[PDB]
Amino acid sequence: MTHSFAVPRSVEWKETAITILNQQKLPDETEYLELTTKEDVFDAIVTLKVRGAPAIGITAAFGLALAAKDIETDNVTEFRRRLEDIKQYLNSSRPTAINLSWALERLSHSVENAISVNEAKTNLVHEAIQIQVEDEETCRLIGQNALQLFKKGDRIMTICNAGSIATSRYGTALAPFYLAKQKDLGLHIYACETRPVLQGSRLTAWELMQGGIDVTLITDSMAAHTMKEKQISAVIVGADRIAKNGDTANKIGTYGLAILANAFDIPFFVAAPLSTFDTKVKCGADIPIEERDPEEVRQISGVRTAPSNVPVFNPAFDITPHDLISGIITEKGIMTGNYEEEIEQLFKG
């Protein structure tokens, strides 16, 4: 079962259905759903039955393609007109993760020159699938490129869950941990539980234990004391959107970790494929930050941890300025210097 990370679990195309692992039922139960309509896909994304930027893009894509089937039309222009309506719909699920819009826009552009309806449908399916297989390679290369940053026995801190179920498989930020365990370098990782949704203790602690990876859980507030007491070597995280300048919007807490890392002068690393980059957003300040249902903070896995009417500020992401970032790892390699210049030279083709 220590190989489960190398197999697709988050989302699978079934031609007539889209099967997704239900992440809200972990760590307790491992259940799979059958999404059949875009309402289902919209619901899975919005309520986090499926989460993690890359995997959300893939699902949204399979979602648009599955839904385009029942678009019984004569015209291709009309087909596009109808297709655009379903796209806007699934795109309004969650704001921050660029991958969502990026996937949808990719499938949209794949039928711009389409000549027939059937050719379009096929295009959508093929383009969706290609997106998934492509994500698999990048994750694989991201895992490789990043491990270069760690020496044997390093203690790495991380936040949220940027692993095998947040992507097609393998993962991004957690990917190098699966490889290091392959190359016997005794890496020790400290996973922040990631409140309020707890992606760290519920998914991260879950999948790494599954892979026979050494992982210790800690609350988020314990970061600082842990960097000191445990002398962690570095901090590696994924991302939901990287601005043209390096500003990375990621799970809420990341920004606090980056400022903490700098204080302890511990390198802070961000790993994410090109699909998560947004070259048209100038800086992090222009990145939409999603604020979710407040009961997220008032309750947990079922019952009360706060009075009912207490007002809460529930942002699901923050922004880490590129200057607190020691490096960003992508499928093409590791950037360090001037990110604006690096981001660009990176999108040569």
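One rule holds for the numbers: they count along the sequence shown, beginning at 1.
K.L.:
If you average the Cα B factors in the entry, which is higher, 1-9 or 340-348?
P.N.:
Averaging CA B-factors over each stretch, the winner is 340-348.
K.L.:
Please compare 45-53 with 279-287 and name the stretch with the higher mean C-alpha B-factor in the deposited structure.
P.N.:
Looking at the record's C-alpha B-factors, the answer is 279-287.
K.L.:
Check the PDB entry and point out which of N314, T320, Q299, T59 has the largest C-alpha temperature factor.
P.N.:
Among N314, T320, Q299, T59, the highest C-alpha B-factor in the entry belongs to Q299.
K.L.:
Take the CA temperature factors straight from the PDB entry and tell me which of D220, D247, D154, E134 peaks.
P.N.:
That would be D154.
K.L.:
Taking the values exactly as deposited, rank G186 by C-alpha B-factor within its chain and report the matching third: lowest, middle or highest.
P.N.:
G186: CA B-factor falls in the highest third of its chain.
K.L.:
Once the chain's modelled residues are ordered by C-alpha B factor and cut into thirds, is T16 in the lowest, middle or highest one?
P.N.:
Highest third of the chain for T16's C-alpha B-factor.
K.L.:
Should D240 be placed in the lowest, middle or highest third of its chain by the C-alpha B factor in the entry?
P.N.:
Its C-alpha B-factor belongs to the middle third of this chain's values.
K.L.:
Test of reading the entry: by CA B factor among the chain's modelled residues, which third contains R106?
P.N.:
According to the entry, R106 has a C-alpha B-factor in the chain's middle third.
K.L.:
Taking the chain's C-alpha temperature factors as the reference, tell me which third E112 falls into: lowest, middle or highest.
P.N.:
For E112, whose C-alpha B-factor we compare with every modelled residue in the chain, the answer is the middle third.
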